file target_20.pdb (PDB, C-alpha atoms and all ligand atoms)
MODEL        1
ATOM      1  CA  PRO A   1      84.670 117.156 125.100
ATOM      2  CA  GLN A   2      88.383 117.695 125.155
ATOM      3  CA  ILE A   3      90.137 114.317 125.217
ATOM      4  CA  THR A   4      93.750 114.064 126.315
ATOM      5  CA  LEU A   5      95.885 111.166 125.183
ATOM      6  CA  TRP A   6      97.499 109.800 128.342
ATOM      7  CA  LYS A   7      95.188 106.812 127.944
ATOM      8  CA  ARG A   8      93.680 105.271 124.800
ATOM      9  CA  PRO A   9      90.760 107.494 123.548
ATOM     10  CA  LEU A  10      88.137 104.795 123.962
ATOM     11  CA  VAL A  11      84.469 105.767 123.698
ATOM     12  CA  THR A  12      81.157 103.980 123.605
ATOM     13  CA  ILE A  13      79.517 103.579 120.192
ATOM     14  CA  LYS A  14      76.067 102.240 119.381
ATOM     15  CA  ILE A  15      75.488 100.318 116.144
ATOM     16  CA  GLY A  16      72.576  97.995 115.418
ATOM     17  CA  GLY A  17      71.209  98.838 118.883
ATOM     18  CA  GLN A  18      74.281  97.396 120.573
ATOM     19  CA  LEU A  19      76.863  99.235 122.645
ATOM     20  CA  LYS A  20      80.488  98.589 121.818
ATOM     21  CA  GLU A  21      83.828 100.165 122.747
ATOM     22  CA  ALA A  22      85.875 101.875 119.990
ATOM     23  CA  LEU A  23      89.085 103.836 119.672
ATOM     24  CA  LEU A  24      88.963 107.366 118.205
ATOM     25  CA  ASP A  25      91.738 107.073 115.633
ATOM     26  CA  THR A  26      93.026 110.057 113.691
ATOM     27  CA  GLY A  27      95.542 107.766 111.937
ATOM     28  CA  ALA A  28      92.721 105.785 110.318
ATOM     29  CA  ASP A  29      91.131 106.995 107.122
ATOM     30  CA  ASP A  30      88.308 104.515 107.635
ATOM     31  CA  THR A  31      86.146 103.124 110.446
ATOM     32  CA  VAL A  32      86.679  99.374 111.015
ATOM     33  CA  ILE A  33      84.583  97.256 113.370
ATOM     34  CA  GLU A  34      84.936  93.638 114.472
ATOM     35  CA  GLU A  35      82.714  90.931 112.889
ATOM     36  CA  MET A  36      79.027  91.711 113.316
ATOM     37  CA  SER A  37      75.778  91.679 111.356
ATOM     38  CA  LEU A  38      74.862  94.840 109.446
ATOM     39  CA  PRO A  39      71.911  95.383 107.103
ATOM     40  CA  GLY A  40      72.060  95.825 103.355
ATOM     41  CA  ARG A  41      74.585  95.035 100.673
ATOM     42  CA  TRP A  42      78.328  95.233 101.072
ATOM     43  CA  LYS A  43      81.213  95.773  98.676
ATOM     44  CA  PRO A  44      84.816  94.617  98.912
ATOM     45  CA  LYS A  45      87.627  96.810 100.165
ATOM     46  CA  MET A  46      91.351  96.271 100.795
ATOM     47  CA  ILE A  47      92.830  98.335 103.620
ATOM     48  CA  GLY A  48      96.461  98.582 104.615
ATOM     49  CA  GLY A  49      97.626  98.758 108.162
ATOM     50  CA  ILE A  50     100.865  98.370 110.009
ATOM     51  CA  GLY A  51     101.260  94.649 109.116
ATOM     52  CA  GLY A  52      99.996  94.773 105.522
ATOM     53  CA  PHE A  53      96.801  94.794 103.461
ATOM     54  CA  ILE A  54      93.659  92.798 104.154
ATOM     55  CA  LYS A  55      90.132  92.299 102.914
ATOM     56  CA  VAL A  56      87.092  93.779 104.707
ATOM     57  CA  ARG A  57      83.392  94.215 104.009
ATOM     58  CA  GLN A  58      82.276  97.748 103.226
ATOM     59  CA  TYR A  59      78.761  98.738 104.339
ATOM     60  CA  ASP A  60      77.625 102.255 103.323
ATOM     61  CA  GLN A  61      75.163 104.628 105.022
ATOM     62  CA  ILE A  62      75.100 102.861 108.424
ATOM     63  CA  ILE A  63      73.660 104.673 111.445
ATOM     64  CA  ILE A  64      76.164 104.779 114.284
ATOM     65  CA  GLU A  65      76.327 106.866 117.458
ATOM     66  CA  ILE A  66      79.816 107.822 118.647
ATOM     67  CA  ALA A  67      80.249 109.142 122.197
ATOM     68  CA  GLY A  68      76.654 110.399 121.983
ATOM     69  CA  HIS A  69      76.978 112.048 118.537
ATOM     70  CA  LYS A  70      74.997 110.702 115.586
ATOM     71  CA  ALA A  71      76.771 109.722 112.410
ATOM     72  CA  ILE A  72      75.583 107.966 109.242
ATOM     73  CA  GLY A  73      78.353 106.668 106.994
ATOM     74  CA  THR A  74      80.595 103.870 105.884
ATOM     75  CA  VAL A  75      81.577 101.086 108.265
ATOM     76  CA  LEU A  76      84.116  98.417 107.329
ATOM     77  CA  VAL A  77      83.777  95.027 108.988
ATOM     78  CA  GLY A  78      86.718  92.676 109.375
ATOM     79  CA  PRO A  79      89.528  91.527 111.752
ATOM     80  CA  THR A  80      91.004  94.337 113.877
ATOM     81  CA  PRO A  81      92.736  94.476 117.294
ATOM     82  CA  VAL A  82      90.058  97.005 118.404
ATOM     83  CA  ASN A  83      87.093  98.764 116.837
ATOM     84  CA  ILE A  84      88.424 101.958 115.307
ATOM     85  CA  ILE A  85      86.564 105.164 114.474
ATOM     86  CA  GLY A  86      88.406 106.777 111.547
ATOM     87  CA  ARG A  87      88.314 110.150 109.935
ATOM     88  CA  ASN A  88      85.259 109.428 107.785
ATOM     89  CA  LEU A  89      83.136 109.498 110.983
ATOM     90  CA  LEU A  90      85.371 111.707 113.140
ATOM     91  CA  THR A  91      84.608 114.509 110.653
ATOM     92  CA  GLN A  92      80.869 113.867 111.014
ATOM     93  CA  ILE A  93      81.041 114.410 114.782
ATOM     94  CA  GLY A  94      83.119 117.594 114.281
ATOM     95  CA  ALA A  95      86.391 116.275 115.801
ATOM     96  CA  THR A  96      89.619 118.153 115.448
ATOM     97  CA  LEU A  97      93.165 117.733 116.793
ATOM     98  CA  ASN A  98      94.461 120.676 118.784
ATOM     99  CA  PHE A  99      97.853 121.657 120.199
TER     100      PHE A  99
ATOM    101  CA  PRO B   1      97.013 124.838 115.656
ATOM    102  CA  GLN B   2      93.599 123.257 115.111
ATOM    103  CA  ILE B   3      93.920 120.468 112.601
ATOM    104  CA  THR B   4      90.849 119.237 110.839
ATOM    105  CA  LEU B   5      90.412 115.645 109.786
ATOM    106  CA  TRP B   6      89.123 116.112 106.293
ATOM    107  CA  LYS B   7      92.600 114.970 105.196
ATOM    108  CA  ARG B   8      95.281 112.843 106.888
ATOM    109  CA  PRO B   9      96.838 114.887 109.718
ATOM    110  CA  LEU B  10     100.385 114.912 108.419
ATOM    111  CA  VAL B  11     103.021 117.132 109.901
ATOM    112  CA  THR B  12     106.746 117.661 109.492
ATOM    113  CA  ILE B  13     108.982 116.147 112.156
ATOM    114  CA  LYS B  14     112.723 116.308 112.785
ATOM    115  CA  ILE B  15     114.286 113.131 114.143
ATOM    116  CA  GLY B  16     117.910 112.005 114.136
ATOM    117  CA  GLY B  17     118.860 115.147 112.131
ATOM    118  CA  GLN B  18     116.342 114.249 109.387
ATOM    119  CA  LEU B  19     113.083 115.900 108.246
ATOM    120  CA  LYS B  20     110.225 113.485 107.728
ATOM    121  CA  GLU B  21     106.453 113.599 107.272
ATOM    122  CA  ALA B  22     104.429 111.778 109.920
ATOM    123  CA  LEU B  23     100.827 111.114 110.855
ATOM    124  CA  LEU B  24      99.438 112.448 114.140
ATOM    125  CA  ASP B  25      97.792 109.194 115.293
ATOM    126  CA  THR B  26      95.586 109.038 118.363
ATOM    127  CA  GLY B  27      94.996 105.309 117.680
ATOM    128  CA  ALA B  28      98.698 104.494 118.103
ATOM    129  CA  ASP B  29     100.053 103.836 121.556
ATOM    130  CA  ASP B  30     103.605 104.234 120.333
ATOM    131  CA  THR B  31     105.559 106.246 117.761
ATOM    132  CA  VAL B  32     106.782 104.217 114.775
ATOM    133  CA  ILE B  33     109.207 105.547 112.127
ATOM    134  CA  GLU B  34     110.399 103.921 108.883
ATOM    135  CA  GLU B  35     113.879 102.421 108.842
ATOM    136  CA  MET B  36     116.633 104.852 109.792
ATOM    137  CA  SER B  37     119.636 104.845 112.098
ATOM    138  CA  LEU B  38     119.349 106.354 115.589
ATOM    139  CA  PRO B  39     122.143 106.538 118.148
ATOM    140  CA  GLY B  40     122.260 104.603 121.409
ATOM    141  CA  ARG B  41     121.006 101.289 122.621
ATOM    142  CA  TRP B  42     117.949  99.494 121.312
ATOM    143  CA  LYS B  43     116.044  96.290 121.917
ATOM    144  CA  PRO B  44     113.703  94.297 119.723
ATOM    145  CA  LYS B  45     109.914  94.528 119.987
ATOM    146  CA  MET B  46     106.868  93.216 118.123
ATOM    147  CA  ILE B  47     103.914  95.541 117.453
ATOM    148  CA  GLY B  48     100.642  94.629 115.844
ATOM    149  CA  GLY B  49      97.796  96.139 113.963
ATOM    150  CA  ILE B  50      95.670  95.497 110.879
ATOM    151  CA  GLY B  51      97.578  93.035 108.790
ATOM    152  CA  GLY B  52      99.368  91.565 111.839
ATOM    153  CA  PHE B  53     102.697  92.199 113.535
ATOM    154  CA  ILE B  54     106.017  93.682 112.551
ATOM    155  CA  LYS B  55     109.375  93.526 114.314
ATOM    156  CA  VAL B  56     110.814  96.906 115.296
ATOM    157  CA  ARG B  57     113.833  98.308 117.172
ATOM    158  CA  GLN B  58     112.920 100.211 120.328
ATOM    159  CA  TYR B  59     115.118 103.250 121.063
ATOM    160  CA  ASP B  60     114.472 105.105 124.332
ATOM    161  CA  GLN B  61     115.036 108.788 125.175
ATOM    162  CA  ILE B  62     114.951 110.093 121.580
ATOM    163  CA  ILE B  63     114.224 113.768 120.944
ATOM    164  CA  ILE B  64     111.756 114.598 118.159
ATOM    165  CA  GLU B  65     110.579 118.006 117.016
ATOM    166  CA  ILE B  66     106.902 117.660 115.960
ATOM    167  CA  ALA B  67     105.436 120.585 114.034
ATOM    168  CA  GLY B  68     107.929 122.833 115.825
ATOM    169  CA  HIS B  69     107.337 121.353 119.317
ATOM    170  CA  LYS B  70     110.096 119.370 120.974
ATOM    171  CA  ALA B  71     109.406 116.176 122.859
ATOM    172  CA  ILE B  72     111.373 113.191 124.128
ATOM    173  CA  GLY B  73     110.386 109.571 124.373
ATOM    174  CA  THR B  74     110.601 106.081 122.942
ATOM    175  CA  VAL B  75     110.690 105.694 119.179
ATOM    176  CA  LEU B  76     110.144 102.386 117.414
ATOM    177  CA  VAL B  77     111.907 101.926 114.079
ATOM    178  CA  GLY B  78     110.929  99.344 111.519
ATOM    179  CA  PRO B  79     109.012  98.510 108.315
ATOM    180  CA  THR B  80     105.912 100.655 108.885
ATOM    181  CA  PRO B  81     104.224 101.864 105.706
ATOM    182  CA  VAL B  82     103.764 105.349 107.267
ATOM    183  CA  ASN B  83     105.582 107.340 109.951
ATOM    184  CA  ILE B  84     103.303 107.497 112.990
ATOM    185  CA  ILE B  85     103.437 109.914 115.949
ATOM    186  CA  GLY B  86     101.647 107.982 118.684
ATOM    187  CA  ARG B  87     100.210 108.985 122.018
ATOM    188  CA  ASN B  88     103.507 108.653 123.903
ATOM    189  CA  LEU B  89     104.676 111.827 122.078
ATOM    190  CA  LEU B  90     101.299 113.469 121.316
ATOM    191  CA  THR B  91     100.791 113.951 125.044
ATOM    192  CA  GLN B  92     104.124 115.791 125.341
ATOM    193  CA  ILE B  93     103.137 118.447 122.775
ATOM    194  CA  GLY B  94      99.763 118.904 124.480
ATOM    195  CA  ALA B  95      97.637 117.404 121.721
ATOM    196  CA  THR B  96      93.967 116.792 122.414
ATOM    197  CA  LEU B  97      90.952 115.589 120.398
ATOM    198  CA  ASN B  98      88.034 118.043 120.590
ATOM    199  CA  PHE B  99      84.403 117.773 119.531
TER     200      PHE B  99
HETATM  201  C1  LIG A 101     102.133  99.862 120.043
HETATM  202  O1  LIG A 101     102.201 100.947 119.134
HETATM  203  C2  LIG A 101     101.530 100.726 117.971
HETATM  204  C3  LIG A 101     100.844  99.563 117.656
HETATM  205  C4  LIG A 101     100.041  99.541 116.499
HETATM  206  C5  LIG A 101      99.959 100.623 115.640
HETATM  207  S1  LIG A 101      98.913 100.616 114.231
HETATM  208  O2  LIG A 101      99.544 101.405 113.147
HETATM  209  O3  LIG A 101      98.559  99.207 113.948
HETATM  210  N1  LIG A 101      97.518 101.377 114.653
HETATM  211  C6  LIG A 101      96.795 100.798 115.777
HETATM  212  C7  LIG A 101      95.275 100.654 115.565
HETATM  213  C8  LIG A 101      94.937  99.681 114.444
HETATM  214  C9  LIG A 101      94.627 100.234 116.903
HETATM  215  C10 LIG A 101      97.426 102.794 114.421
HETATM  216  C11 LIG A 101      96.358 103.102 113.358
HETATM  217  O4  LIG A 101      96.044 104.499 113.454
HETATM  218  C12 LIG A 101      96.818 102.755 111.940
HETATM  219  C13 LIG A 101      97.923 103.691 111.411
HETATM  220  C14 LIG A 101      98.355 103.245 109.988
HETATM  221  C15 LIG A 101      99.265 102.180 109.836
HETATM  222  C16 LIG A 101      99.654 101.731 108.567
HETATM  223  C17 LIG A 101      99.105 102.343 107.437
HETATM  224  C18 LIG A 101      98.199 103.393 107.568
HETATM  225  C19 LIG A 101      97.845 103.855 108.833
HETATM  226  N2  LIG A 101      95.636 102.837 111.031
HETATM  227  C20 LIG A 101      94.943 101.783 110.619
HETATM  228  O5  LIG A 101      95.183 100.614 110.901
HETATM  229  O6  LIG A 101      93.882 102.085 109.803
HETATM  230  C21 LIG A 101      93.223 100.930 109.272
HETATM  231  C22 LIG A 101      94.028 100.388 108.119
HETATM  232  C23 LIG A 101      93.748 101.322 106.960
HETATM  233  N3  LIG A 101      94.589 102.498 106.919
HETATM  234  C24 LIG A 101      93.939 103.628 107.162
HETATM  235  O7  LIG A 101      94.348 104.820 107.225
HETATM  236  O8  LIG A 101      92.638 103.340 107.313
HETATM  237  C25 LIG A 101      92.388 101.941 107.230
HETATM  238  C26 LIG A 101      91.953 101.447 108.608
HETATM  239  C27 LIG A 101     100.687 101.768 115.947
HETATM  240  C28 LIG A 101     101.471 101.826 117.099
HETATM  241 CL    CL A 102     107.781 107.232 125.767
HETATM  242 CL    CL A 103      97.565 117.391 129.726
HETATM  243 NA    NA A 104      74.315 100.154 102.934
HETATM  244 NA    NA A 105     118.427 105.629 124.065
ENDMDL
END
call {"tool": "encode", "arguments": {"input": "target_20.pdb", "output": "structure tokens", "more": "lines below"}}
Ligand SMILES: COc1ccc(S(=O)(=O)N(CC(C)C)C[C@@H](O)[C@H](Cc2ccccc2)NC(=O)O[C@@H]2C[C@@H]3NC(=O)O[C@@H]3C2)cc1
Ligand SMILES: [Cl-]
Ligand SMILES: [Cl-]
Ligand code: NA
Ligand code: NA
result
Amino acid sequence: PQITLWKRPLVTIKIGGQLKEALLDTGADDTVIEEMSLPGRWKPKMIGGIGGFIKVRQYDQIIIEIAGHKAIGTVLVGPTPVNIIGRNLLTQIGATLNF
Amino acid sequence: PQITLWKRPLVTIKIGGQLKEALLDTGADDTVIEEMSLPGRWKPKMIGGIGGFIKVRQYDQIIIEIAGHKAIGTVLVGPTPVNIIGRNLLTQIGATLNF
């Protein structure tokens, strides 16, 4: 698709068999999802946003569908105002910004 | 142009007579620039993200040249760690996300 930006670019994702809403966020290096259960081991990561740096859980090689496109990559889990799909997965679905 | 997302989508902007680097950010409702003076009236605002909230000054009707494309709108000024071009100005330059 071609998504204009008059409204938030919210899409449906599927992770762990569950549908969730997420924001397609070119200003995010990383994908961050609200508290949920994911399989496997995690590692620590500090990420910095508008209000400062926080701790999140990094899960690698997680299967996630984004607006119907399959991705397999790193998902960070922690407190966020909205689930955000960052560039690590936007590149896997072939997204670009155009003007 | 078509901007890929392998790297942060940074562009040059001109605002208040000054050249700055800023992130094209589809996950940002609003445009947020590091501390600088702008002319005209302003009012305080709180905006929030990962890490929490920051206080900013809201200036309306500010012209900003973004990668060579002029656009006018509200600009928030405050202690952001990165200059952010949000959707309020991305729409005006015709930016879309494509995949
Ligand atoms: C109302 O207007 C606003 C309100 C909030 C924000 S924001 O900066 O908090 N933000 C909103 C989302 C969190 C919904 C825009 C983001 O694109 C933000 C933009 C941003 C802000 C500050 C520093 C870097 C990037 N990136 C971000 O938080 O990324 C997370 C935090 C880590 N940084 C990063 O690149 O990847 C990690 C994930 C911007 C304008
Ligand atoms: Cl505006
Ligand atoms: Cl349009
Ligand atoms: Na894993
Ligand atoms: Na003004």
call {"tool": "calpha_fit_rmsd", "arguments": {"input": "target_20.pdb", "fixed": "chain B", "moving": "chain A"}}
result
0.6 Å
call {"tool": "resolve_selection", "arguments": {"input": "target_20.pdb", "expression": "the PyMOL selection byres (((not hetatm)) within 7 of (chain A and resi 101))", "output": "PyMOL selection string"}}
result
(chain A and resi 25-32+47-50+80-82+84+86) or (chain B and resi 25-32+47-50+80-82+84+86)
call {"tool": "resolve_selection", "arguments": {"input": "target_20.pdb", "expression": "the PyMOL selection byres ((chain B) within 6 of (chain A and not hetatm))", "output": "PyMOL selection string"}}
result
chain B and resi 1-5+25-27+49-54+80+87+91+94-99
call {"tool": "residues_near_ligand", "arguments": {"input": "target_20.pdb", "ligand": "ligand NA 104 (chain A)", "cutoff": "10 Å", "atoms": "only C-alpha atoms and all ligand atoms", "output": "list in words"}}
result
residues 38, 39, 40, 41, 42, 43, 58, 59, 60, 61, 62, 63, 73, 74 and 75 of chain A
call {"tool": "write_last_selection", "arguments": {"input": "target_20.pdb", "atoms": "C-alpha atoms", "output": "short mmCIF file (atom, residue, chain, number, x, y, z; two decimals), keeping the file's coordinate frame"}}
result
data_model
loop_
_atom_site.label_atom_id
_atom_site.label_comp_id
_atom_site.auth_asym_id
_atom_site.auth_seq_id
_atom_site.Cartn_x
_atom_site.Cartn_y
_atom_site.Cartn_z
CA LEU A 38 74.86 94.84 109.45
CA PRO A 39 71.91 95.38 107.10
CA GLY A 40 72.06 95.82 103.36
CA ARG A 41 74.58 95.04 100.67
CA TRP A 42 78.33 95.23 101.07
CA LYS A 43 81.21 95.77 98.68
CA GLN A 58 82.28 97.75 103.23
CA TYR A 59 78.76 98.74 104.34
CA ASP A 60 77.62 102.26 103.32
CA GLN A 61 75.16 104.63 105.02
CA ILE A 62 75.10 102.86 108.42
CA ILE A 63 73.66 104.67 111.44
CA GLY A 73 78.35 106.67 106.99
CA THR A 74 80.60 103.87 105.88
CA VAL A 75 81.58 101.09 108.26
#
call {"tool": "resolve_selection", "arguments": {"input": "target_20.pdb", "expression": "the PyMOL selection byres (((chain B and resi 13) around 8) and not hetatm)", "output": "list in words"}}
result
residues 11, 12, 14, 15, 19, 20, 21, 22, 64, 65, 66, 67 and 68 of chain B
call {"tool": "residues_around", "arguments": {"input": "target_20.pdb", "residues": "residue 77 in chain B", "least_positions_apart": "6", "cutoff": "6 Å", "atoms": "only C-alpha atoms", "output": "count of residues only"}}
result
6
call {"tool": "atom_distance", "arguments": {"input": "target_20.pdb", "atom1": "CA of residue 71 in chain B", "atom2": "CA of residue 83 in chain B"}}
result
16.1 Å
call {"tool": "atom_distance", "arguments": {"input": "target_20.pdb", "atom1": "atom CL of ligand CL 102 (chain A)", "atom2": "CA of residue 44 in chain B"}}
result
15.5 Å
call {"tool": "atom_distance", "arguments": {"input": "target_20.pdb", "atom1": "CA of residue 36 in chain B", "atom2": "CA of residue 18 in chain B"}}
result
9.4 Å
